[PDB]
């Protein structure tokens, strides 16, 4: 049984080749780690490789767990061919991408429309930068036109799907939260957003910032009336003791917040994003680290 089997909110994980073994024995929600990124699907223009995204979607369906589509608009891992197209043609490509996903995947629980607006807009012309910001109206009069246009597209193509914005290094500072809240509010004005995502990777939750700051910022975001999801949670493990201590300090702050409707870990086995920082909860030999032992017991005691 997954850790959150009897909980009031889900505890999911990023899904990928390395995260596959034993997934459904631990987690009860998923996000495709890489397969739902536009550059993963349409690396070569107008040929769609759905295989990895199909796997994540079908696995979610078969194991009867919520599926978060990750991600429609982002500033990396975008198709290489799109960055040199005129905005007029880029926009048509974006429209087609939205339609393609909407058509193929009717049972999306949460659609991550835009990831990292404060950190990585699609404005770079490097390999996977996309460089399509102007195709979405650029900054415009509000400063966030491209985010608005992305969610307008989402409402059009996914008229009955919960729409989510996602970003990192938000709750770690009042200033970032205030910046992010502005984006959420602009989206709320057009009733375009249904959920607020914050990643909470290891770099966002170091002991340099008090837990009270994260908590106050969760409260600030909660005042929108929108549910909050922690989307890409991980904690480094240079030692077992540090990872354990950090899990005890950090995880309950988010798990116990009434506005938080679920947490997704960004991997749990070696080969996850923060592999060099040893953020995995299970070792190379398959044994469970102390942080995971605690997490199981903690979640069981906090339903």
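Positions refer to the first chain, counted from 1.
Asker: State which stretch shows the higher mean Cα B factor in the entry: 209-217 or 166-174.
Answerer: Mean C-alpha B-factor is greater for 209-217.
Asker: Look over 119-127 and 195-203 in the entry and identify the one with the greater average Cα temperature factor.
Answerer: The stretch with the larger mean CA B-factor is 119-127.
Asker: In this PDB entry, which of 39, 262, 237, 258 has the top CA B-factor?
Answerer: 258 has the highest C-alpha B-factor of those listed.
Asker: When the deposited Cα B-factors of this chain's modelled residues are ordered and cut into thirds, is residue 53 in the lowest, the middle or the highest one?
Answerer: For residue 53, whose C-alpha B-factor we compare with every modelled residue in the chain, the answer is the middle third.
Asker: Ranking the modelled residues of this chain by C-alpha B-factor as given in the entry, is residue 182 in the lowest, middle or highest third?
Answerer: CA B-factor rank for residue 182: middle third.
Asker: Give the position of residue 150 by CA B-factor within its chain, expressed as the lowest, middle or highest third.
Answerer: It belongs to the middle third of the chain when residues are ordered by C-alpha B-factor.
Asker: Would you mind checking where the Cα B-factor of residue 279 ranks among the modelled residues of its chain, as the lowest, middle or highest third?
Answerer: For residue 279, the deposited C-alpha B-factor lands in the lowest third.
Asker: Rank-wise, by C-alpha B-factor, drop residue 34 into the lowest, middle or highest third of its chain.
Answerer: As the PDB entry reports it, the C-alpha B-factor of residue 34 lands in the lowest third of its chain.
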